[PDB]
Amino acid sequence: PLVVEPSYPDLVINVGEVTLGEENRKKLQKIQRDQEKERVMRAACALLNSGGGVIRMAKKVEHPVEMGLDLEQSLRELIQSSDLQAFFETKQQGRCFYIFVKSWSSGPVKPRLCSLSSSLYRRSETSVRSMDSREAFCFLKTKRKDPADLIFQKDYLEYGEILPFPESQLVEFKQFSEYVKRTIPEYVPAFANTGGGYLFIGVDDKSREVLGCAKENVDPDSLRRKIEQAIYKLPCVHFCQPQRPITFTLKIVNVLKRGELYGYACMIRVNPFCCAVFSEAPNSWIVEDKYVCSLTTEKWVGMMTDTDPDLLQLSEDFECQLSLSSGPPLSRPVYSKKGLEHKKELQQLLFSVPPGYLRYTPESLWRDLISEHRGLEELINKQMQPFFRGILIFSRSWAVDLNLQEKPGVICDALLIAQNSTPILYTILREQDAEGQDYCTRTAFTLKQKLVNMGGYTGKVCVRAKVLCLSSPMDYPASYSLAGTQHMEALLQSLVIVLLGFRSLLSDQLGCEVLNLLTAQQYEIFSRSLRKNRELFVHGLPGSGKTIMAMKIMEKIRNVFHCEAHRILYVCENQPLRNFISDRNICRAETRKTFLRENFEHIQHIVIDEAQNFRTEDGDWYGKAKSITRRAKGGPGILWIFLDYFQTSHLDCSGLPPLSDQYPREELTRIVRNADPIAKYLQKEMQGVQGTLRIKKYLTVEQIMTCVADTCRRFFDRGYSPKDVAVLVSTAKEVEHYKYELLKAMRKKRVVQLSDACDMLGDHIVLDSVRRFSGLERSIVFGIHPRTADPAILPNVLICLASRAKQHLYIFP
Ligand SMILES: Nc1ncnc2c1ncn2[C@@H]1O[C@H](COP(=O)(O)OP(=O)(O)OP(=O)(O)O)[C@@H](O)[C@H]1O
Ligand SMILES: [Mg+2]
Ligand SMILES: [Mg+2]
Ligand SMILES: [Zn+2]
């Protein structure tokens, strides 16, 4: 079997012994030549889809060689072209021979996967054949949006009778003999996938005279079960519903010699299939940990057919930084809300290319490292002399920045990008360690994999690991080194998406793991080390991202502190928000009441969100929070606090501690959520995208409900779903009357759906009290009489209403 070796900084496949050189190769018999060609083909196919790699063939001949005539054409067919140099390069090291395989790139249409054979067949006039990836993709995309019968109806035939028509796109005749097996998969998929038709078994293929083997050959009662089992064993795939099995019919007709029963003949009719049917699983491969495993039929067909999803908040305001229609196979699409920074503006702002000097980065972090640590400057300025220009990106650990546990004893990591050299990964160990090399190797491994899986880098990239200290790689070919400004900028841009990318909340509404790009401010906040920032009172406007960074930080804490995901405790005020965050299972979750009630003896890290809506009515939460966090055996765990501090009174004794004691501090100063008019109006009250703001006054409750029903009708007439709307009121006790009123007024338009905020899973309009609802959001929000029934809830409730409406806000004061 193919074996994957872990000790390398990029994916390496060793195929065992191989003999190359056409003069040397052609001597070998096929039962070995083709076997080894197929092993190498498995390797190459696997790596062209799994984000690139290196193939490592061993040999027992030491002189230089050349690609064999068979392999240099199998690679061309597999890549679907003769431009081998673009994807494969040859370099050998004596008895070891390497070919370095880029990662496939669907973008300039070319398909999204590379596979030896698609296993799909179709009838072309008189011929049957397999399909190549381009034709397979065209066919799958297309299916994503009588003389024969008068013979079939005959119940018997005589030996030697000539059938009146030849073979065609509709029919075939097959001579008989073991032959009762394997004969069906050859032709049946060909007919089903297009046109449908018949195949006659027991009839000469050329003379067309019936022969029907003989009595001793066929037992119809067994042949029927055999043929049906063979038919229904062939894998199929559907995009439609319900899943119809293979539609077919059979006749096992007695056939006579001189009028005497002499044998049997079979006529099988195959009807056009509503979807694609595969003779066998496509011969395609993708490599997982330690194993290069085949792709299943459903996985294959799904992968080849994926495309960028569309919806109201996926279009006209979201910009496609990466697409499934131009990136590698395994890349998830990425987006960035219109009006924020792209991937381009972000790397300019974070990793701008110098013209003539090797800029370090991040400047502040370099300052902290050099001041903190003795001789780091001395150790590094030596090993930066050769490289001329580029960037050197530092961090206190590149493992935790890529979702791998930070290692004890690491001083920092650094990525070295420079012109006329490959990117290089530096880790500066505090002291030499036996296991130290493993950390740098695996970190290089994962950074490389992410740079082309998550990064979406169509280009040709390699990463190398170096272990420094304060106290035999693959000689990648010459073309993998950054040859100018353009390619350096491309690689930096596809590092921007490795770092600033996070799993969007639209993954719930779409199912696919759509990634999204942070802002500069949030990245600045997120980059802070944890072991030096045990406490932090983050600020920011409402709807600016506090929840995002909160969620991210329970992953970062889990990585850094080696703690199980259940020891990190979240806290909040509203049950709906805790519901929205409880299911992620990245943490244990609570609300402030039970937070005081419960005895958290197993908690070691706390992240308090929307803190400004807390209250002392049951006791003190801040004191207990410090008591828990600071009692940890392993040292004081995080106690990050989030909150809102627009220019409005917080009040309360524990409406955040005294403002002079809120330090250290950070500021997320942008309202990404809402649209322009909502942002414009929302700013006035606190004193890039279209939307609507509608305030109506002096309307009766009857008129108000008529208007909201009419607007729901209008929006659903434009694609908005039941889950795209919300109608909110002041208090919970006011919910009951208005629920009934709305369900009534909606009768005139015969709308039916209404459910609370707790029932968030169903596609129903959500109605609840704002204080209860706070923490969530919907595309359209209706406000029914927001009023200061209890000014203990921060008096500015018109903000907690207008902050929930992404694109359309309707206010009824
Ligand atoms: N980088 C980003 N680009 C675009 N939109 C983003 C980004 N980060 C977050 N958002 C969106 O902005 C909104 C704010 O979400 P989040 O819950 O984190 O904010 P918040 O200020 O904590 O909210 P709340 O106070 O209402 O609980 C969400 O719709 C979120 O999907
Ligand atoms: Mg024929
Ligand atoms: Mg929030
Ligand atoms: Zn179907």
Taking +1 at the Cβ of each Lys and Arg and -1 at the Cβ of each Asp and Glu, which of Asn453, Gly540, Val607 sits farthest along the dipole of the chain towards its positive end, judged by Cα position relative to the Cα centre? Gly540
Sort 488-499, 303-314 for me by packing, meaning the mean count of neighbouring Cβ atoms within 10 Å per residue, highest on top. 488-499, 303-314
Could you tell me, in Å, what Rg and Dmax come out for the Cα atoms of the chain? 33.5, 111
Putting +1 on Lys and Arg Cβ atoms and -1 on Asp and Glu Cβ atoms, find which of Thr700, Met267, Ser654 reaches farthest to the positive end of the dipole of the chain. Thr700
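What is the sum of charges around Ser582, taking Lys and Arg as +1, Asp and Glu as -1, for the other residues whose C-beta is under 12 Å from the C-beta of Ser582? The partial results should precede the final answer.
Values: positive: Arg578, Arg584, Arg588; negative: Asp583, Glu590.
Once positives and negatives cancel, what remains is +1.
Report the calculated FRET efficiency for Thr296 and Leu256 (r = Cβ-Cβ distance, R0 = 56 Å), to the nearest 0.05.
According to the calculation, E is roughly 0.75.
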Given Cα pairs under 8 Å that are at least 6 residues apart, what percent is the relative contact order of segment 1-81? 39 percent
Derived scalar couplings ³J(HN,Hα) [segment 7-17; Karplus, 6.51 cos²θ - 1.76 cosθ + 1.60; whole Hz; x for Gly, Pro]: 6, 10, x, 7, 5, 10, 10, 9, 9, x, 6
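With only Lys, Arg, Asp and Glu charged, each at its Cβ (+1 for the first two, -1 for the last two), find how big the charge dipole of the chain is about the Cα centre; round to the nearest 20 debye. Walk me through the intermediate numbers first.
Values: 109 positive and 97 negative charges, 185 e Å.
With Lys and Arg at +1 and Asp and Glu at -1, about 880 debye.
Tally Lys and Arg at +1 and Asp and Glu at -1 over the other residues with C-beta under 10 Å from the C-beta of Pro111: what net charge comes out? Let's see the in-between values first.
Values: positive: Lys110, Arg112, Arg134, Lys141; negative: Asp132, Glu135.
For residues surrounding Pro111, the net value is +2.
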May I ask for the distance between the Cα centers of segment 596-658 and segment 108-125, given as a whole number of Å? 59 Å
20 Å reach of a label modelled at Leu170, 7 Å along Cα-to-Cβ, counting backbone N of segment 203-217: 203-210
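Divide, for segment 3-101, the radius of gyration over alpha carbons by 2.2 N^0.38 Å, where N is the residue count.
1.02
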Residue among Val797, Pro328, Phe139 farthest towards the positive dipole end of the chain, charges placed on Cβ: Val797
Please work out the FRET efficiency for the pair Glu598 and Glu372, using the Cβ-Cβ distance as r and a Förster radius of 41 Å; give the result to the nearest 0.05. 0.55
Given segment 676-812, what whole percent of its Cα pairs are spread farther than 17 Å? 57 percent
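Every number here is computed from the coordinates shown, using simple stated rules; none is lab data. Note that each Cβ is placed from the backbone with ideal geometry, even for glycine, and that neighbours are counted across all protein chains shown.
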